[PDB]
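Visitor: The structure's right below; bear with me while I get my questions together.
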Amino acid sequence: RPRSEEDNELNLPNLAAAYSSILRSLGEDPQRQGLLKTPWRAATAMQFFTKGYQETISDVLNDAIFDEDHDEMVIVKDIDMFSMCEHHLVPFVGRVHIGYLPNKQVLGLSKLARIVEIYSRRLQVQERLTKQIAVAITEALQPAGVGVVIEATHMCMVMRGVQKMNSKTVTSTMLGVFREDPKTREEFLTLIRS
Amino acid sequence: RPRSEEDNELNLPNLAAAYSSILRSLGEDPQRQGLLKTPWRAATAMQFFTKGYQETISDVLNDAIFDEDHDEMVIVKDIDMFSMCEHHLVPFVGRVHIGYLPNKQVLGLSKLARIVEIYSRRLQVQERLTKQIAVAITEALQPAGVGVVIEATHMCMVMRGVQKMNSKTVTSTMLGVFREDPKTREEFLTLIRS
Amino acid sequence: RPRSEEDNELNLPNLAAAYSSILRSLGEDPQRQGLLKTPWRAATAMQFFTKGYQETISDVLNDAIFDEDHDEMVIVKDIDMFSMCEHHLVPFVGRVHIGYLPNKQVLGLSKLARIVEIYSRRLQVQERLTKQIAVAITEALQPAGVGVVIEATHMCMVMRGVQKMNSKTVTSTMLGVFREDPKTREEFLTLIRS
Amino acid sequence: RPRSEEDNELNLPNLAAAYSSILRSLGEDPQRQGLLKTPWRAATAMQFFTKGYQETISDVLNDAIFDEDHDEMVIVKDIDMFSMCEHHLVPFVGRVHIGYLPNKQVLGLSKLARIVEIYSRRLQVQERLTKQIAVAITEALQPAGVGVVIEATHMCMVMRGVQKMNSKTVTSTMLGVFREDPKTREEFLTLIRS
Amino acid sequence: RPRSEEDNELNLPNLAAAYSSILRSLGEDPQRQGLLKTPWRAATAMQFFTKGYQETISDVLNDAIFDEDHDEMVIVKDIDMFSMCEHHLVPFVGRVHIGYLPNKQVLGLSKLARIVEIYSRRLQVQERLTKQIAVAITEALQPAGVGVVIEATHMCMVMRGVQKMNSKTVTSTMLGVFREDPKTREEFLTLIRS
Amino acid sequence: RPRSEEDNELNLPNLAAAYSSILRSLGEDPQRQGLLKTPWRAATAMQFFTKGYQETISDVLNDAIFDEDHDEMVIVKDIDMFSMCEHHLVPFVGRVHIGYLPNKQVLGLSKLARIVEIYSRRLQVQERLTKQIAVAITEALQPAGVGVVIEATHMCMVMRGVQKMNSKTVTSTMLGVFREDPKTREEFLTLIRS
Amino acid sequence: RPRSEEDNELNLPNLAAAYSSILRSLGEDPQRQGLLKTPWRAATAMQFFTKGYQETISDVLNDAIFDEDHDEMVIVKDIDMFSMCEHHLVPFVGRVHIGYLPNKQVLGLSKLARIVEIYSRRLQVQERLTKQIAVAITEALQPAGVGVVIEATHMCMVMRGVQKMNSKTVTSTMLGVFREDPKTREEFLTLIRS
Amino acid sequence: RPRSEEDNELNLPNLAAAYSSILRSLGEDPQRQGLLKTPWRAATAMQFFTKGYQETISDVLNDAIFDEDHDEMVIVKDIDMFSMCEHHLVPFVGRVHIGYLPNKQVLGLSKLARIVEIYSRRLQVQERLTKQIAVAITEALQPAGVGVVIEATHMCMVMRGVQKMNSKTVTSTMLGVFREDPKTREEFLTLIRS
Amino acid sequence: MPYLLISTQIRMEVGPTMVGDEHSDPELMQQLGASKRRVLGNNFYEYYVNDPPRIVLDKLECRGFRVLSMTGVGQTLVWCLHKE
Amino acid sequence: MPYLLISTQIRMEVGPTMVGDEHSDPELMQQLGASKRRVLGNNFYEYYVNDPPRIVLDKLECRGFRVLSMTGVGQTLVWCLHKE
Amino acid sequence: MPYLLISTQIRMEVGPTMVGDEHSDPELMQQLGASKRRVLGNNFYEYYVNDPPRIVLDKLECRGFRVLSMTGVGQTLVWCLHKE
Amino acid sequence: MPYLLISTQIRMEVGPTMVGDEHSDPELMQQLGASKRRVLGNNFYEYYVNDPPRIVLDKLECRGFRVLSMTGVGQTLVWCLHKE
Ligand SMILES: C[C@H](O)[C@H](O)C1=Nc2c(nc(N)[nH]c2=O)NC1
Ligand SMILES: C[C@H](O)[C@H](O)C1=Nc2c(nc(N)[nH]c2=O)NC1
Ligand SMILES: C[C@H](O)[C@H](O)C1=Nc2c(nc(N)[nH]c2=O)NC1
Ligand SMILES: C[C@H](O)[C@H](O)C1=Nc2c(nc(N)[nH]c2=O)NC1
Ligand SMILES: C[C@H](O)[C@H](O)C1=Nc2c(nc(N)[nH]c2=O)NC1
Ligand SMILES: C[C@H](O)[C@H](O)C1=Nc2c(nc(N)[nH]c2=O)NC1
Ligand SMILES: C[C@H](O)[C@H](O)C1=Nc2c(nc(N)[nH]c2=O)NC1
Ligand SMILES: C[C@H](O)[C@H](O)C1=Nc2c(nc(N)[nH]c2=O)NC1
Ligand code: NA
Ligand code: NA
Ligand code: NA
Ligand code: NA
Ligand SMILES: [Zn+2]
Ligand SMILES: [Zn+2]
Ligand SMILES: [Zn+2]
Ligand SMILES: [Zn+2]
Ligand SMILES: [Zn+2]
Ligand SMILES: [Zn+2]
Ligand SMILES: [Zn+2]
Ligand SMILES: [Zn+2]
């Protein structure tokens, strides 16, 4: 079952308490002026960053529409996406590019974006995020094909560790005719550019 | 039958009345200085945005010219297009790119643009608009192939809902040799770029 | 008094009714498949575009903080903004650039953006919007100076009337030292660029 | 006294404990495969993001060199900087531009960058960070003037709250001749561009 | 008195006759397929390029509104403009940038554009065009100041004569405070850029 | 037979006469200061825009050189081209990109450009212009293949009619290997870019 | 007296003889296929590069027009210029930017470019070229001020000697108000940019 | 046998003499201050531009190294190249892009550049230069394939003749797998871009 | 009418399978359960079936046809059958 | 002249079908109703018919030809027939 | 069921080898040791084996099949076998 | 030497036709009127004729060869003939 507003109320305190704990463990003074409301703000923020858990793809995946009259490639590019890597709990941000070729069912353009929000607002791994978005579209439309590309900057690779600024991670899922047909894949890849 | 100038005169008052009603229902004061002439300006504007309904492709689709001496790809790119999504009545704007390979008939360059104006100036859905443009060119010229790509920004996705600024919707229709021949499709897709 | 959620419920039906009327007055069939839920989607969207009326600067303008230790220029540029021109009820969109030199009081960065949202989310005129943002910051902080620049595209000038695509409207308010000191104004103007 | 490696060892368990608690309070399963080592990775990451507390400007501020033979503007632009806002514990990232006009003392170029690292790797507020950098350079060199500009993206304004992507916060401190002389400030502002 | 629709009807045949004469004098065959309707298309086109003669600034210059509450700079940049140089009857095209500081009167943004259309749509000289636009705004508003910049490519300089491609002609008029105040002029010049 | 300098002298007066007539028919005063010499300047200009008629491809198409030692793709890109649409007698301008794979004969680089000038300086249609350039190169060299791409802005589509600024027309002719071999065409298409 | 067409004929053989000699002195075979006509082509080419000597500013500087009604800055930027440095006889190429503020006399836009051609088409030194252009405009118009900027690449500095590719020489002449008034100079410098 | 330093000394006087003759034949005064040393500077310069004649590919083509362990594409792009067209003795400049797939032999990266220098510094024809570079690499390495692309601006086409500024000449040689394999050629073409 | 040409796009384990042009044997087309259509973009009619090519090959066997050659052109698979 | 090579581009259910080069059997070309042409860009002549390849295959059957092999090269379909 | 179509992607010296669609002979599929699956993105089921095509060809020989034609389509290799 | 491989590029109605490698039957190459060359870029020699492939196929018939298979690889057309 998805997370609920009630769950957030019951758990908000525990989160706030943990963040307060973190502040002291870092050497900071949780009493300090600009740090007083931080435990609640940090908690509220973390809950927002993970609000995808309180939603289920079922809802959105049920608003598909029958239409076999639009044999054309549909792309929704540059969808801003913000997520949290599950490994370090630091965010990774960037853009998602979706494209599909319908068979008999189509999906509302805004619904595609909502699929991205439901999965990106969770503790994630870029490869899983990509696949989940692609699988969602596949299962909701049974399309001829679908393509999903994600370009993002992982803060845990820029702010720490290997510390490679400029560095970006790109993940790409090509299904159906997007994988089989060279003309199809090349088209999507061009249309999502610049 | 297509809408007429007479139809617009008879309906202008009703539109004006409806917009005036909207102002009140929103909480504004229709009497307020800068809102007085608004009901008429809004109505007149909305009629302009849908002036495509008072035109029929028939007129334009009858100015095709016989010519089998020009075996080359013809592209008219970056055609500015402004339309209203039929779902929220908010406009979506962007550009249309058209390309075709003639058989025995050609179409005046400006006429291609007029085809875009007739369909884009109506309450629309981007996929339908794309197809209608492509179908018009196909039926008027029986070309070896045709390609139509539309790149637009849907205000209803930027100003509200999923609220994804930067986000763009691209629809692509490839017919005939544009779909069959990889050389052809790649060429159109390159020639319409930057 | 500001608009309320109750006001929106009571008025939703009338709005929907007005939009339904508009559809018929345009020549469309409100029964047509993709136009059924339009009257409500349009109403809900128009309420969202005007949600600024249900908020009062008072709330946000009461979270100023005392601080005379940060004598430096503070700028929040590229704030996305979406508004509706009160003359034609078509949206004008673009960006807002804010800057100020504090005296003894500072304002949280996110709060500057919220000021933009409260005023932009209404039927507007770019000049008024600009001044309202500037005046809010002025009255909340009594700063040494403040600057507000708004760059936006008015759809009613692109999609109709003079029909000037590419055309943009820029409004600029310079108060206090931002107006008096050439070094100050030039700095703000440079730092808000590209 | 500054934080130490010993302090980090003693506190790591509590940090890990707090993050583990956060995972449960969010609705996740700390036992889940990709979340097992998260409590430690997150803690270690957070200690790195705040490693500035274990350093004191004193050290670096004692490697100033006497030199009154170099009357020219010294600028170190595009210094990558990664910090954590103290309000939401979400990072804000961008660039720092430093410039100064020496009197009799100069500072090694790399040292200027180290000043940014000591103060940015702490829980911060952009205005404070800016001033601290400026103040350090001032106290270490008694220069004729100094300028510090910071351009950064606050994830807590992009990923949540006002949710303004594209939005950037610029803070600017001009001291000495950088404030008094218009020729000086204009030069610094130009030379740090593109 | 301005030109009229009647005048265009009476004069259309002579224009058509003249263009037909030109075709023969150039060595072409006015009977040739793609040249048959040319005399009328050329004439009609030329009348459109000069439709400014059938309008008078008086009309537009009377829609000025009283308003002394908006002391801010108003700019409308990137106004597309197409004109015909009176010397060779070849077109010169580019953009117009307008700006002003009001005293007690303001002008609708779209009205500024209409001023550009009334004068640009005539046989012109870039300097005169610039001045007329400026003088109109001045006489309609009695502003604190006004600036008008025009950037255009003269085809008669690219396609012939000195044949300098890439070459552009910029004309700039600065009146009132736009001329006197260095802070004002610099601001306008910056805000109309890129 | 091609046009001659004598032909231009005999016809100059008639052209001048026709343009003078056009001035009157438009509402202007041919006596007015800046319009006195216009009838001659326009006529002279129009003769220059159509000077291609006084040249024959035969001349240039006879300076081919035997050489089967240079099996490589030769491209001359970004050739500025100015022409007049035969439909409205308004100019269309842009660039021409030429490419070919020789067999046994080569053509001087400058000669390729002269071919463009001969055909572009006439009353034209973009498709025909493209073909003529391609046909010329083919008949002069019997190459393995040839490609000609023209990108231009039609003033009759920007300054009037559909009035689509930004709009461009691209025509592409691919012959021989340029049409058969996908590697060949893709290479030419890449090498003529940016 | 300026050089004449007769002079070019009498001297063409000597030039050709000199170039023929140079070929031998370099180690080449003047008999070799692709070098046969070189002596004449090089000679003719060199005469064209120096065709400025056969013209006198007098002619062009006598087409000034009285006009004290256009008090505005006139700029013709990006004038392509090709010259030969007198030191090594290698060409230097780039652009010239001209601007002026008239008093009572104006000059035709194309005439400004012709001034550039007469002087650039000689053996030159960038500083001299710049001044000559400025002095010509000054003596022809007695303007309130004039500015001339030249940005060029000297091949003798890229292809040899210091061999600095990317390197560019800029020369700037500011006269009258262009030198005295900071507002004026700044405007010119901005309007000639990008 | 290649040219030698001795050859340059013996021939310098004749070159100088020829250039001095050219100065007089053009109408200049070789005695004039800035032209005195020109004959020697021009001569020395021309010898430098043709210094490739005093080198033989043999030398460089003998520093190949055995290595069959690096099966990967090696590219050296953006190699600055300056040459003189043999037809007019005017320079053509641009860049050279080399790529190859080794079999058993490799070449040092700088050595590839030297190959470009030996051939480009001679009186040339772009097509020949391209082939010579490719042939050299082929004969020195017996590679699986090789690609050479040259993009240059010919001054004799910009400064005179067809006078097409912006115009560029691209020559491309694809050998072995670079010609046969579409995957290979497309890769090289992509990796040498922007 | 001895020769026959059928084809299928992208993937073979699923239809549709194109089995004829305008002048194809109406009876044979009917036997195969093929419908006639004119896809947007094509300036010609075609006969097709929703069956994968394997099923169509077996059906043609029954009507006395034999596969002579099979080839791929682009992403389309084509079979040349002969009445033997 | 036992061997014959014919081809068709892009789509098979429609012509034209190329049926011969310059040195093709004039009589056979005539029997097929083929015309000779030289398309712009090609440095050679060709014989073609507006019939789809299927129709041309049946006609060649009558003149005693059999399809030995069929292949795709690019977007062009080619048939190799032998006089059997 | 005389006709059979099998394929393999990219490289032939390794599997998997696709050996059937939804309506394939269940017994034959079992004899080959093939499993049925539906790869993400495909709107159909397929029978495959981890064996390289050569091994699958020898096995089909035993069940009385003969290769009639082999072709490449894209990067996929396809074999058309007939029960002979 | 029973097997032979010949090919032609881009268009079939015109030569050249590649008819052999370094170890090809010198006599057969001579009978065909083929010359030996090494094109720049290739690290091997080849035998070619200016005849279109059809002409070369007829000549090979006379020397007792039969086309076993024909295929397209890239824009190149290839024929596999056997001494039968
Ligand atoms: C088999 C069919 O040709 C394929 O599913 C399609 N591909 C494409 C298509 N439309 C576009 N724009 N691009 C494609 O690659 N419609 C259908
Ligand atoms: C079958 C024929 O070769 C095909 O329809 C064509 N394609 C093309 C063409 N022209 C261009 N420029 N590009 C093509 O892909 N003319 C004809
Ligand atoms: C009077 C005082 O010097 C003036 O108000 C200030 N100007 C500026 C400032 N800080 C910046 N960065 N820029 C200014 O123009 N601090 C204070
Ligand atoms: C007073 C003195 O002229 C002033 O402190 C200086 N300014 C500057 C300087 N150097 C530069 N580059 N820029 C300045 O504005 N050196 C000294
Ligand atoms: C005198 C008065 O300060 C002056 O006219 C003004 N200038 C300006 C202004 N507002 C802006 N933005 N810029 C100015 O230069 N308001 C008023
Ligand atoms: C058949 C032969 O491979 C074809 O004519 C050629 N193509 C090409 C070539 N050279 C280049 N650079 N590109 C080609 O596509 N030389 C010859
Ligand atoms: C003295 C007088 O104000 C000065 O000569 C002028 N300067 C300028 C002008 N116009 C412009 N655009 N810019 C100037 O600097 N007109 C007149
Ligand atoms: C036959 C072999 O696959 C071919 O020669 C190769 N091509 C390539 C290669 N490496 C790269 N990067 N690209 C190629 O196209 N190594 C070998
Ligand atoms: Na299929
Ligand atoms: Na066909
Ligand atoms: Na495989
Ligand atoms: Na061939
Ligand atoms: Zn991580
Ligand atoms: Zn919508
Ligand atoms: Zn409006
Ligand atoms: Zn924060
Ligand atoms: Zn002119
Ligand atoms: Zn036209
Ligand atoms: Zn020099
Ligand atoms: Zn040359």
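Within each chain, counting starts at residue 1; across the structure tokens, chains are named A, B, ... in the order shown, with ligands numbered 1 upward in that order.
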I need the residues of chain L that end up classed as strand (DSSP E or B) by DSSP on the backbone, written out as a PyMOL selection string.
Guide: chain L and resi 3-9+17-20+35-37+46-49+65-73+76-83
Visitor: Include N, CA, C and O atoms and write out the residues we just selected as a short mmCIF file (atom, residue, chain, number, x, y, z; two decimals), in the first residue's frame.
Guide:
```cif
data_model
loop_
_atom_site.label_atom_id
_atom_site.label_comp_id
_atom_site.auth_asym_id
_atom_site.auth_seq_id
_atom_site.Cartn_x
_atom_site.Cartn_y
_atom_site.Cartn_z
N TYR L 3 34.45 -23.00 -56.34
CA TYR L 3 33.77 -21.76 -55.95
C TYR L 3 34.34 -20.44 -56.44
O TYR L 3 35.56 -20.22 -56.47
N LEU L 4 33.42 -19.55 -56.79
CA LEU L 4 33.76 -18.23 -57.30
C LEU L 4 32.89 -17.16 -56.63
O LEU L 4 31.72 -17.39 -56.35
N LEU L 5 33.47 -16.00 -56.36
CA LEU L 5 32.72 -14.90 -55.75
C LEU L 5 32.95 -13.62 -56.55
O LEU L 5 34.09 -13.19 -56.71
N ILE L 6 31.88 -13.03 -57.07
CA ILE L 6 32.02 -11.79 -57.80
C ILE L 6 31.09 -10.74 -57.20
O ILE L 6 30.10 -11.08 -56.54
N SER L 7 31.39 -9.47 -57.43
CA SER L 7 30.57 -8.41 -56.86
C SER L 7 30.58 -7.14 -57.66
O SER L 7 31.41 -6.94 -58.55
N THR L 8 29.63 -6.26 -57.34
CA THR L 8 29.52 -4.97 -57.98
C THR L 8 28.96 -4.00 -56.94
O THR L 8 28.20 -4.40 -56.04
N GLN L 9 29.33 -2.73 -57.05
CA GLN L 9 28.88 -1.72 -56.10
C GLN L 9 27.76 -0.78 -56.56
O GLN L 9 27.59 -0.50 -57.74
N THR L 17 32.93 -4.74 -62.28
CA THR L 17 32.53 -5.94 -61.54
C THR L 17 33.80 -6.58 -60.99
O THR L 17 34.75 -6.82 -61.74
N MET L 18 33.85 -6.81 -59.68
CA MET L 18 35.03 -7.43 -59.09
C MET L 18 34.88 -8.92 -59.33
O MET L 18 33.84 -9.51 -59.03
N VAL L 19 35.92 -9.54 -59.86
CA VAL L 19 35.83 -10.95 -60.17
C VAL L 19 36.90 -11.85 -59.55
O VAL L 19 36.97 -13.03 -59.88
N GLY L 20 37.73 -11.32 -58.65
CA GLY L 20 38.72 -12.19 -58.05
C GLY L 20 39.74 -11.57 -57.13
O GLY L 20 39.98 -10.36 -57.16
N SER L 35 41.58 -7.23 -65.21
CA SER L 35 42.86 -6.64 -64.90
C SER L 35 43.02 -6.76 -63.39
O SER L 35 42.04 -6.90 -62.67
N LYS L 36 44.26 -6.70 -62.92
CA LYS L 36 44.56 -6.82 -61.49
C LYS L 36 44.94 -5.43 -61.01
O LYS L 36 45.66 -4.71 -61.70
N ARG L 37 44.46 -5.04 -59.84
CA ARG L 37 44.80 -3.72 -59.30
C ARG L 37 44.70 -3.73 -57.79
O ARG L 37 44.16 -4.66 -57.19
N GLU L 46 42.98 -7.05 -56.38
CA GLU L 46 41.69 -7.50 -56.88
C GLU L 46 41.70 -7.56 -58.40
O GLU L 46 42.47 -6.86 -59.06
N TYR L 47 40.84 -8.43 -58.94
CA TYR L 47 40.70 -8.56 -60.39
C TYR L 47 39.34 -7.94 -60.69
O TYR L 47 38.36 -8.23 -59.99
N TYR L 48 39.28 -7.11 -61.72
CA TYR L 48 38.02 -6.47 -62.08
C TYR L 48 37.86 -6.34 -63.59
O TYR L 48 38.83 -6.42 -64.35
N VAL L 49 36.62 -6.12 -64.03
CA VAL L 49 36.31 -5.91 -65.44
C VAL L 49 35.36 -4.73 -65.46
O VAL L 49 34.71 -4.45 -64.45
N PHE L 65 29.90 -22.27 -64.89
CA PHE L 65 29.55 -21.88 -63.53
C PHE L 65 28.07 -21.61 -63.39
O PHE L 65 27.41 -21.26 -64.36
N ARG L 66 27.55 -21.78 -62.19
CA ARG L 66 26.15 -21.54 -61.92
C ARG L 66 26.00 -20.70 -60.65
O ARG L 66 26.72 -20.88 -59.67
N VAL L 67 25.06 -19.76 -60.68
CA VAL L 67 24.82 -18.91 -59.53
C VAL L 67 24.13 -19.76 -58.48
O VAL L 67 23.09 -20.37 -58.74
N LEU L 68 24.72 -19.82 -57.30
CA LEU L 68 24.15 -20.59 -56.20
C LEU L 68 23.40 -19.66 -55.27
O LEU L 68 22.34 -20.00 -54.74
N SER L 69 23.95 -18.48 -55.07
CA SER L 69 23.31 -17.51 -54.19
C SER L 69 23.76 -16.09 -54.52
O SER L 69 24.87 -15.87 -55.01
N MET L 70 22.87 -15.13 -54.29
CA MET L 70 23.18 -13.73 -54.53
C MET L 70 22.74 -12.96 -53.29
O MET L 70 21.66 -13.21 -52.74
N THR L 71 23.56 -12.02 -52.84
CA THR L 71 23.18 -11.25 -51.67
C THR L 71 23.68 -9.83 -51.72
O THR L 71 24.56 -9.49 -52.51
N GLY L 72 23.09 -9.00 -50.87
CA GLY L 72 23.51 -7.62 -50.79
C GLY L 72 24.17 -7.47 -49.44
O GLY L 72 23.70 -8.03 -48.44
N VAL L 73 25.29 -6.76 -49.41
CA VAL L 73 26.00 -6.48 -48.17
C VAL L 73 26.39 -5.01 -48.30
O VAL L 73 27.29 -4.65 -49.07
N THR L 76 26.87 -3.11 -51.74
CA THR L 76 27.53 -4.03 -52.66
C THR L 76 26.70 -5.28 -52.91
O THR L 76 26.11 -5.86 -51.99
N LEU L 77 26.66 -5.69 -54.17
CA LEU L 77 25.91 -6.87 -54.58
C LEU L 77 26.93 -7.98 -54.81
O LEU L 77 27.93 -7.77 -55.50
N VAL L 78 26.69 -9.14 -54.21
CA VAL L 78 27.61 -10.27 -54.34
C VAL L 78 26.98 -11.56 -54.86
O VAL L 78 25.87 -11.94 -54.46
N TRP L 79 27.69 -12.25 -55.75
CA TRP L 79 27.23 -13.52 -56.32
C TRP L 79 28.16 -14.67 -55.98
O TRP L 79 29.39 -14.56 -56.12
N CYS L 80 27.57 -15.77 -55.52
CA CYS L 80 28.34 -16.96 -55.19
C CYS L 80 28.06 -17.99 -56.29
O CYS L 80 26.94 -18.49 -56.39
N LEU L 81 29.07 -18.27 -57.12
CA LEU L 81 28.91 -19.25 -58.20
C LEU L 81 29.70 -20.53 -57.95
O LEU L 81 30.74 -20.51 -57.30
N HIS L 82 29.18 -21.63 -58.48
CA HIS L 82 29.80 -22.95 -58.33
C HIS L 82 30.03 -23.65 -59.66
O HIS L 82 29.17 -23.63 -60.54
N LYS L 83 31.20 -24.27 -59.80
CA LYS L 83 31.55 -24.98 -61.02
C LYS L 83 30.72 -26.25 -61.08
O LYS L 83 31.04 -27.26 -60.45
#
```
Visitor: Could you list, as a list in words, all the residues within 6 Å of ligand 5, counting only C-alpha atoms and all ligand atoms?
Guide: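 Every residue with an atom at most 6 Å from ligand 5 is listed here: residues 172, 173 and 174 of chain C; 71, 72, 73, 144, 183 and 184 of chain E.
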Visitor: Identify every residue of chain I that has at least one atom within 9 Å of any atom of chain B, counting only C-alpha atoms, and report the result as a list in words.
Guide: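 Filtering chain I at 9 Å from chain B with only C-alpha atoms gives residues 40, 41, 42, 43 and 74 of chain I.
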Visitor: Using the selection just defined, write its residues with C-alpha atoms as an mmCIF file, in the first residue's frame.
Guide:
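The resulting file, again-v1.cif, is shown below:
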```cif
data_model
loop_
_atom_site.group_PDB
_atom_site.id
_atom_site.type_symbol
_atom_site.label_atom_id
_atom_site.label_comp_id
_atom_site.auth_asym_id
_atom_site.auth_seq_id
_atom_site.Cartn_x
_atom_site.Cartn_y
_atom_site.Cartn_z
ATOM 1 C CA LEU I 40 -1.603 6.698 -45.532
ATOM 2 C CA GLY I 41 1.508 7.745 -47.383
ATOM 3 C CA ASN I 42 1.463 4.895 -49.883
ATOM 4 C CA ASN I 43 0.166 5.554 -53.377
ATOM 5 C CA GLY I 74 15.837 -2.674 -44.688
#
```
Visitor: If the cut-off is 12 Å, can you tell me the residues of chain F near chain G, counting only C-alpha atoms? I'd like them as number ranges by chain.
Guide: F: 33-34, 65-67, 108
Visitor: Set the cut-off to 6 Å, count only C-alpha atoms and all ligand atoms, and list whatever residues fall near ligand 11 as a PyMOL selection string.
Guide: chain K and resi 8-12+14-16
Visitor: Produce a file of the selected residues containing C-alpha atoms, as a tab-separated table (two decimals), in the first residue's frame.
Guide:
```tsv
chain	number	residue	atom	x	y	z
K	8	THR	CA	19.86	-15.05	-34.11
K	9	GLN	CA	21.11	-11.52	-33.48
K	10	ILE	CA	24.41	-9.70	-33.99
K	11	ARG	CA	26.88	-12.61	-33.83
K	12	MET	CA	26.24	-16.16	-34.98
K	14	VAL	CA	26.70	-17.75	-29.85
K	15	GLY	CA	23.05	-17.84	-28.89
K	16	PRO	CA	20.30	-17.21	-28.06
```
Visitor: Name the residues of segment 10-99 of chain A that fall into helix (DSSP H, G or I) according to DSSP on the backbone, using the chain letters and numbers of this document, as a ChimeraX atom specification.
Guide: /A:10-26,33-35,38-49,51-54,57-60
Visitor: When you look at segment 79-83 of chain E with a cut-off of 8 Å (counting only C-alpha atoms), what residues show up, excluding the ones that are within fewer than 3 positions of it in the same chain? I need them as a ChimeraX atom specification.
Guide: /C:164-168 /E:49,76,91-97,113,116-117,120-124 /F:159
Visitor: Which distance in Å separates atom 6 (C, counted along the ligand's line) of ligand 2 and atom CA of residue 171 of chain F, to one decimal?
Guide: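 Separation between atom 6 (C, counted along the ligand's line) of ligand 2 and atom CA of residue 171 of chain F: 13.1 Å.
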Visitor: Restricting the calculation to only C-alpha atoms: of J:1, J:51, J:33, J:84, which residue gets closest to chain I?
Guide: J:51
Visitor: For ligand 19, return the neighbouring residues as a PyMOL selection string (distance at most 9 Å; only C-alpha atoms and all ligand atoms).
Guide: (chain G and resi 84-92+124-125+154-157) or (chain H and resi 41-42)
Visitor: Just give me the gap between atom CA of residue 2 of chain J and atom CA of residue 34 of chain L in Å, one decimal is fine.
Guide: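 Going from atom CA of residue 2 of chain J over to atom CA of residue 34 of chain L covers 21.1 Å.
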Visitor: Can you tell me which residues surround residue 56 of chain F at a distance of at most 9 Å, considering only C-alpha atoms, apart from same-chain residues fewer than 6 positions away, and format the answer as an mmCIF file with N, CA, C and O atoms, in the first residue's frame?
Guide:
```cif
data_model
loop_
_atom_site.group_PDB
_atom_site.id
_atom_site.type_symbol
_atom_site.label_atom_id
_atom_site.label_comp_id
_atom_site.auth_asym_id
_atom_site.auth_seq_id
_atom_site.Cartn_x
_atom_site.Cartn_y
_atom_site.Cartn_z
ATOM 1 N N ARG F 1 19.548 33.453 -77.273
ATOM 2 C CA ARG F 1 20.799 34.243 -77.042
ATOM 3 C C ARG F 1 20.718 34.980 -75.706
ATOM 4 O O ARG F 1 19.646 35.469 -75.319
ATOM 5 N N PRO F 2 21.848 35.067 -74.975
ATOM 6 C CA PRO F 2 21.841 35.767 -73.680
ATOM 7 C C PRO F 2 21.585 37.275 -73.821
ATOM 8 O O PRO F 2 21.729 37.841 -74.908
ATOM 9 N N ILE F 118 25.122 32.485 -62.048
ATOM 10 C CA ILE F 118 24.442 32.538 -63.331
ATOM 11 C C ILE F 118 22.956 32.242 -63.209
ATOM 12 O O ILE F 118 22.127 32.955 -63.781
#
```
